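K.L.:
Supplied in structure tokens, the structure appears directly below.
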Amino acid sequence: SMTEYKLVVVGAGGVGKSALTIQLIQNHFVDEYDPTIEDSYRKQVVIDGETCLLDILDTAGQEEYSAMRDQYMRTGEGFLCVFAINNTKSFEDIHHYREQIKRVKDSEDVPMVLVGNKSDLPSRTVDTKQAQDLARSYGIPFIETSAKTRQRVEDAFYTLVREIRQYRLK
Ligand SMILES: CC[n+]1c(NS(=O)(=O)c2ccc(O)c(C(=O)N(CCO)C3CCNCC3)c2)sc2c(Cl)ccc(O)c21
Ligand SMILES: Nc1nc2c(ncn2[C@@H]2O[C@H](COP(=O)(O)OP(=O)(O)O)[C@@H](O)[C@H]2O)c(=O)[nH]1
Ligand SMILES: [Mg+2]
């Protein structure tokens, strides 16, 4: 009695993809994780009464032209699209990551959650209203997280599971 969910964490270099994934899985914060390390992590969790196996790919390179990225976008069931709230460029990059994923899926139905990470940093450059507007335009949830303090880390991943579970019934 278990359901599998293949999750992919994408976003510009330095936004906190690794720190979020490691906080979820290993309950610690990494200060300076090698940006080129790409790995998968598995863990069983209970969400809405369901024992869920999360299979999460923490992506490293974000290159347009990558056979491996095409493959993991085909395989991935949901996408955590992460920007940092103090990096406007990373928020602008989100549209490209969504376009790439939709292209690979040949679909509009793609489970995705917009994550504004580094919510513990005081010098915000991306207003929450703008990020909420973007998420509303895409029809996806928006969550601000801190991999440093663990704020909303489980919520971001579990919300993505909920999106996938729902899309399976449509
Ligand atoms: C690793 C298996 N895997 C995938 N396998 S895969 O497409 O062949 C793939 C994708 C990216 C990769 O970098 C790799 C890969 O070669 N690796 C990382 C994943 O284990 C190796 C791992 C050993 N060190 C170098 C990188 C494989 S896709 C995937 C998704 Cl979308 C979610 C969860 C997964 O576990 C997953
Ligand atoms: N203050 C703060 N720093 C973070 C947060 N998440 C990641 N970082 C830091 O930002 C840098 C990049 O994080 P990393 O996870 O390696 O980014 P990735 O390239 O997206 O995998 C590192 O120095 C992290 O310690 C966060 O929520 N808050
Ligand atoms: Mg990383």
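Here, residue 1 is simply the first one shown, and the rest follow in order.
Just so you know, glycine gets a Cβ as well, placed from its N, Cα and C.
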K.L.:
Which range is it, out of 15-23, 24-32, 33-41, that shows up in Swiss-Prot as motif 'Effector region'?
P.N.:
33-41
K.L.:
Quick one: which of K43, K105, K148 has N6-acetyllysine in Swiss-Prot?
P.N.:
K105
K.L.:
Can you give me the same-chain residues 6 or more apart in sequence from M2 (N-acetylmethionine) with a CB-CB distance under 8 Å?
P.N.:
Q44, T51, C52, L53
K.L.:
Write down the Cα-Cα distance for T36 ((Microbial infection) O-linked (Glc) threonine) and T3 (N-acetylthreonine), rounded and given in Å.
P.N.:
30
K.L.:
Whole-number Å only: compute the distance from the Cα of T36 ((Microbial infection) O-linked (Glc) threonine) to the Cα of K105 (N6-acetyllysine).
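P.N.:
It is 25 Å, counting Cα to Cα.
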K.L.:
According to DSSP, folded down to helix, strand and coil, what is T3 (N-acetylthreonine)?
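P.N.:
For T3 (N-acetylthreonine) - judged by DSSP and reduced to three states - the answer is strand.
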K.L.:
Which of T3, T36 has the fewest nearby Cβ atoms, counting only those within 10 Å, among these recorded positions?
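P.N.:
Relative to the other recorded positions in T3, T36, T36 has the fewest Cβ atoms within 10 Å.
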